[PDB]
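These notes are about the structure you will find just below.
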Amino acid sequence: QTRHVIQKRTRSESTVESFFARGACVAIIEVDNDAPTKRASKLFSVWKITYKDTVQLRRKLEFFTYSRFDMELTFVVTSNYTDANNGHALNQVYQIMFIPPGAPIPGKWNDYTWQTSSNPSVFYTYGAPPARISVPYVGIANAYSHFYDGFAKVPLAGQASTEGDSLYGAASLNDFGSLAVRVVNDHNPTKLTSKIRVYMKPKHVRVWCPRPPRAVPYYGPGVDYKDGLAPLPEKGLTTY
Amino acid sequence: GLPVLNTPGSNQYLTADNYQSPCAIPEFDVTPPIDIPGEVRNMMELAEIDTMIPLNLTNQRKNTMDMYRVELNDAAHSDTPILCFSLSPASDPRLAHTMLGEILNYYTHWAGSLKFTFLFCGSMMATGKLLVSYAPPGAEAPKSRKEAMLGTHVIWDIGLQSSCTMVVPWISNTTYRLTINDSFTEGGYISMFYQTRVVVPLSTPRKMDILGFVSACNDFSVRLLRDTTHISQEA
Amino acid sequence: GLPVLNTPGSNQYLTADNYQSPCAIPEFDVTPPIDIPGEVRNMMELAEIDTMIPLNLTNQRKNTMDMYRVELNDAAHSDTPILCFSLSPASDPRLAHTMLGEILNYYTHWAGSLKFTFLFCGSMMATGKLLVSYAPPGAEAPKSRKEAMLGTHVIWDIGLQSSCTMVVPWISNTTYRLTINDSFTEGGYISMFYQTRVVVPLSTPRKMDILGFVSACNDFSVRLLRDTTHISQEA
Amino acid sequence: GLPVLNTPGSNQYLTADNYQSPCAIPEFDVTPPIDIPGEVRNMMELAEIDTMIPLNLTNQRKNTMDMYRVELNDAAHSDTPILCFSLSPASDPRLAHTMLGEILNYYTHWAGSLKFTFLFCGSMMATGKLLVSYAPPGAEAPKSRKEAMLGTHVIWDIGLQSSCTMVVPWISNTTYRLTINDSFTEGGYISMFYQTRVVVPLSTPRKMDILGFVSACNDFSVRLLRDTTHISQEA
Ligand SMILES: CCCCCCCCCCCCC/C=C/[C@H](O)[C@H](N)CO
């Protein structure tokens with residue numbers, strides 16, 4: 001038997017919007033401001049845009065099969081000296097250029113591509129609050145596909161083994177381009193190292209076809225597993 | 001310019017903030033949505049789906065399919081429990097990795113009733129009665145059917161219905177329980193006993209399996225989104 | 001002053017932003033516009049103009065006028081193709097440097113139908129029928145007329161009309177194709193074959209040229225502005 | 001952007017400021033309140049509650065229960081005071097640690113009337129009359145009943161009523177007194193004398209105790225919140 005309870009609890013914080021209403025670190029892009037001839041300093045870094053370099057946001061997203069959302073990107077930039085015996089540096093400015101698929105990838109930190117006449121670029125000044133941009137839903141499909149049970153190519157009879165071979169589960173449905181990051185400043189006498197942490201927040205989220213969450217450690221961009229295949233601990237059947 | 005005064009919090013990046021920001025791709029002609037089946041609006045929808053409980057986490061069963069099967073047999077009646085577990089849906093190992101447990105492990109607070117369904121997978125010729133009991137906390141966990149029958153309970157006739165659902169109603173001192181093992185917000189005990197016994201005729205399997213499922217009721221809610229301990233990244 | 005709190009993104013320079021800024025030349029008496037002919041409102045207008053395809057990119061023809069001419073002759077009928085190219089308007093070398101390809105190479109996504117016109121430049125005394133085929137992707141590219149005729153196609157009587165237009169309708173799994181060579185968004189195949197053969201009387205050139213043109217239809221659109229690979233600056 | 005000009009005070013953190021700030025836990029389903037008894041809206045409510053005065057802070061009584069008891073006896077009449085203390089509710093040691101004093105020590109300014117109640121705890125057979133006097137400041141503190149009777153005063157018949165309340169009305173040159181020992185805002189003197197004497201019959205205790213209580217009246221108010229000297233933290 002039960003009594004009458006005027007329930008007041010709501011599910012406001014468990015809406016799909018609220019569940020994803022957080023900035024999650026999806027990448028740590030390392031760049032160096034240094035003399036070009038050092039050959040150990042990366043004067044620019046190219047990171048392919050994805051949520052699969054980290055696990056937390058990946059697991060939350062992969063609770064579902066399909067998603068549709070706008071994205072907010074927040075860039076937190078940290079920098080430090082690498083040695084103390086080569087003087088100091090002036091405040092650095094960073095270029096973060098979005099290179100959509102097909103646009104020329106920079107080959108050098110100061111090549112023509114950084115003119116960014118058509119690529120969106122964010123110039124961030126060190127010490128300023130973390131840079132932020134928004135993008136709408138840009139999928140070429142009607143939703144993003146977290147899982148694609150297929151191939152980009154179908155091998156055909158009479159084709160050699162090398163031909164028609166494509167990775168399982170790899171489709172251009174998630175080809176979103178890259179971010180190219182450089183320090184715009186010319187080098188100081190001392191080497192400086194910077195990290196740009198990219199934080200992703202889905203907004204106006206819609207999701208479809210829920211899935212059981214990842215239970216074993218992720219292994220690659222796919223659903224493959226190799227290690228940690230025993231997540232359940234030991235517990236007696238009649239032990240409270 | 002307009003006189004302004006920057007308050008504390010200016011220039012911070014709160015990962016939970018909700019501010020406008022410039023669009024990096026203005027005038028983008030977004031692909032319109034289609035009516036995909038199975039849209040989900042709230043994570044609780046997933047928590048309200050019955051998922052199988054790994055009830056049998058013994059050394060030889062854990063991390064195999066056997067962990068989902070609890071063996072009954074046709075032995076003589078006893079008052080000893082068939083299975084026992086605590087009502088800690090986020091932290092009890094049998095419940096933590098259910099879909100409900102997985103969802104709850106992204107939240108700090110939970111409240112509401114739970115549904116525990118049990119499916120009998122023996123032969124059609126098998127008969128029996130079982131007792132499924134929820135004991136609210138604060139007393140010794142039921143060691144035998146004599147204690148368990150004093151709490152909330154249901155008598156399940158496996159001959160009649162292969163499936164039995166027991167609702168564990170929300171009863172708590174606090175308006176929400178924590179999603180960790182916590183004495184103050186402990187949720188009580190769930191146990192199963194033989195009411196009479198499993199009976200089979202000849203030429204019938206004398207050992208069979210039952211399966212447990214747990215879900216959240218429509219009164220269930222969660223609060224205080226948090227990161228889960230169920231996924232980690234090395235290096 | 002008015003209490004304000006600077007959010008993330010403050011002090012950044014997004015090259016795609018759209019903000020007001022102070023005028024460096026206030027009260028400038030701007031020269032008014034005149035009604036110049038040929039105003040363009042949308043880049044797609046340029047993409048809808050037929051431009052000549054460099055169909056013949058052989059070693060001896062590429063980067064000459066000959067690359068625009070495809071030679072037909074009056075030889076006996078065969079089922080082998082006259083010309084073949086993939087429906088990748090931005091990345092197929094024959095189509096990439098057409099006006100349509102040039103425009104598409106400033107955008108990541110494209111969708112819509114295409115128009116392929118072919119102009120016969122033989123003598124008035126030449127007669128013939130050709131087959132122009134579009135095969136959607138996923139199968140072996142048409143090796144002969146027998147396969148090509150199974151796809152979308154048009155029969156062109158050069159004796160009747162010196163020009164034939166085939167519309168390649170938008171057919172795609174995705175709502176947009178990428179402007180790069182991509183297997184998942186591959187657009188299919190375009191081929192030309194002799195339907196009967198080119199026939200000429202005596203005292204007539206037995207070899208003539210056809211020209212290809214491509215344009216976008218009125219349903220064509222592009223998205224995600226990007227820098228092109230067709231121009232670079234050294235040093 | 002909108003032209004703005006940051007004024008002085010920008011980027012400061014004033015601990016007394018009242019600004020908006022982003023919520024770190026958006027869409028949190030707050031537990032609703034219940035009607036708990038004894039809600040307090042204003043600290044003055046606590047100050048209006050009578051609390052016992054440690055009137056007897058002698059070496060042997062201070063920091064014991066004895067400090068709350070003032071001993072009367074049945075000796076012959078005298079004009080010497082039973083007890084004396086200054087009207088400094090926040091800084092006089094007898095009043096500073098009363099609830100009223102504790103509240104006042106979080107504020108710089110105080111104003112309003114006070115209530116001093118005295119409870120006689122002798123036997124029912126004891127009789128007597130006492131004089132309770134408030135002398136506004138500026139003159140010698142009353143050394144005997146002859147001086148004390150010239151100020152505000154009340155005659156208390158312990159035989160009739162075990163409790164007597166004297167209201168010390170707000171009389172001050174300043175509209176507020178400081179919550180420290182201050183000559184300019186000194187509040188005056190409170191004294192108690194025997195009016196006739198305590199009389200007991202035989203077989204009765206000849207020494208008994210009275211208890212003092214102080215509270216704020218409904219006209220009492222405080223200003224200028226400040227930290228108290230009554231709590232400190234070491235290291
Ligand atoms: C100023 C240039 C830098 C800012 C522009 C960043 C460009 C972002 C465009 C790509 C959009 C990626 C959206 C998220 C990708 C995820 O894999 C899918 N949503 C998965 O569901």
Side-chain angles (χ1 to χ4, degrees), chain A residues 16 19-20 23-24 26-27 29 45-54 57-75 77 93-103 106 113-124 130-148 169-182 184 196 198-209 211 221, chain B residues 21-26 28 30-31 33 36, chain C residues 8-9 12-18 108-109 176 178 223-227:
Chain A
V16 293
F19 186 69
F20 292 103
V26 297
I29 306 170
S45 181
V46 181
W47 168 72
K48 193 179 184 304
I49 296 162
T50 185
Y51 65 86
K52 292 203 176 75
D53 297 328
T54 53
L57 180 58
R58 177 180 185 176
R59 190 165 186 273
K60 292 175 69 184
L61 289 172
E62 291 186 356
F63 262 96
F64 306 92
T65 304
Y66 305 105
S67 66
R68 189 187 166 95
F69 55 81
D70 310 324
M71 180 179 63
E72 174 185 286
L73 292 186
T74 308
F75 308 89
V77 187
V93 174
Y94 302 77
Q95 187 175 0
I96 305 169
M97 181 171 59
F98 170 38
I99 304 168
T113 63
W114 299 101
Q115 297 171 19
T116 188
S117 88
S118 300
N119 292 348
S121 276
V122 168
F123 292 86
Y124 167 82
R132 177 176 283 173
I133 59 96
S134 61
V135 181
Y137 171 74
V138 296
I140 64 183
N142 304 87
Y144 299 123
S145 283
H146 302 166
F147 303 81
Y148 171 75
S172 67
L173 297 170
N174 68 343
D175 185 8
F176 302 115
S178 294
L179 295 181
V181 179
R182 67 165 181 172
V184 179
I196 296 79
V198 184
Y199 297 81
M200 178 184 304
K201 189 177 71 173
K203 302 176 55 48
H204 314 108
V205 177
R206 297 178 63 184
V207 287
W208 297 265
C209 304
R211 318 172 66 83
Chain B
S21 62
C23 183
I25 313 179
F28 183 90
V30 177
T31 291
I36 302 177
Chain C
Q12 79 195 350
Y13 167 36
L14 168 63
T15 58
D17 69 2
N18 185 24
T108 315
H109 303 158
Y176 283 90
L178 302 177
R223 314 191 304 182
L224 194 3
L225 182 72
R226 65 163 180 89
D227 281 302

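Each chain gets a letter, A, B and so on, in the order its sequence line appears, and its residues count up from 1. Whatever order the structure lists them in is the order used to number ligands and atoms, beginning at 1.
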List in chain and number order the residues that pass side-chain hydrogen bond (donor to acceptor under 3.5 Å, both in side chains) with A:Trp208, two or more places apart in sequence or in another chain; answer none if no residue qualifies. none

Tell me the protein heavy atom at minimum distance from atom 3 (C) of ligand 1, and give that distance in Å. A:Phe98 CB, 3.7 Å

Kindly confirm or rule out a cation-pi arrangement of A:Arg182 over A:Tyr94, judged by NZ or CZ under 6.0 Å from the six-membered ring centre and within 45° of its axis? no

Check ligand 1 against A:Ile96 and write out every atom of the ligand that is under 4.0 Å from a heavy-atom position of the residue. 1 (C), 2 (C)

How does A:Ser121 reach ligand 1, if at all, at less than 4.0 Å between non-hydrogen atoms: by side chain, backbone, both, or neither? backbone

Any nitrogen or oxygen of A:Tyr51 lying under 3.5 Å from a nitrogen or oxygen in ligand 1? Just yes or no. no

Does ligand 1 have any atom that is closer than 4.0 Å to a heavy atom of A:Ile133? yes

Atom 6 (C) of ligand 1 [closest protein heavy-atom partner, distance rounded to 0.1 Å]: A:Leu73 CD1, 3.6 Å

Hey, is A:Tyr137 one of the residues with a heavy atom under 4.0 angstrom from ligand 1? no

Would you mind checking which non-hydrogen protein atom is closest to atom 2 (C) of ligand 1, with the distance to 0.1 Å? A:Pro120 O, 3.1 Å

Taking only residues two or more places apart in sequence, or in another chain, which ones meet A:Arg58 in a salt bridge (charged side-chain N to carboxylate O under 4.0 Å, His left out)? A:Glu62

Is the closest heavy-atom distance from A:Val135 to ligand 1 below 4.0 Å? yes

Provide the number and element of each atom of ligand 1 under 4.0 Å from a heavy atom of A:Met71. 8 (C), 11 (C), 12 (C), 13 (C), 14 (C)

Could you tell me if A:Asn119 and A:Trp114 have a donor-acceptor pair between their side chains, going purely by distance under 3.5 Å? no

I'd like to check A:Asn174 versus A:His146 (side-chain heavy atoms, cut-off strictly below 4.5 Å). Are they in contact? no

Suppose I only count heavy atoms of C:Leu14 and a 4.0 Å limit; which atoms of ligand 1 are within that range? 1 (C)

Protein residue, atom and distance nearest to atom 19 (N) of ligand 1, heavy-atom basis: A:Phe69 CZ, 2.9 Å

Is it the case that the side chains of A:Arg132 and A:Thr74 hold a donor-acceptor pair, with the cut-off being a distance below 3.5 Å and no angle test? yes

For ligand 1, which atoms, with element, lie under 4.0 Å from some heavy atom of A:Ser67? 21 (O)

Interatomic spacing from OG in A:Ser118 to CG in C:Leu224 - rounded to 0.5 Å: 11.0 Å

Do A:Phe176 and A:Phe98 have ring centroids that are under 6.0 Å from one another? no

A:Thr50 N/O to ligand 1 N/O under 3.5 Å: no

Using 30° and 60° as the class boundaries, would you call the ring planes of C:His109 and B:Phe28 parallel, tilted or perpendicular? perpendicular

Closest candidate by heavy atom, reference atom 16 (C) of ligand 1, pool A:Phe176, A:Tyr144, C:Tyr13: A:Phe176

For ligand 1, note which part of A:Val138 has a heavy atom under 4.0 Å away: side chain, backbone, both or neither. side chain

Between A:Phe75 and A:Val198, is there a side-chain heavy-atom distance shorter than 4.5 Å? yes

So, A:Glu72 versus A:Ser134: side-chain donor-acceptor pair below 3.5 Å or not? no

Number the atoms of ligand 1 from 1 as they appear, then name those within less than 4.0 Å of a heavy atom of A:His146, with their elements. 21 (O)

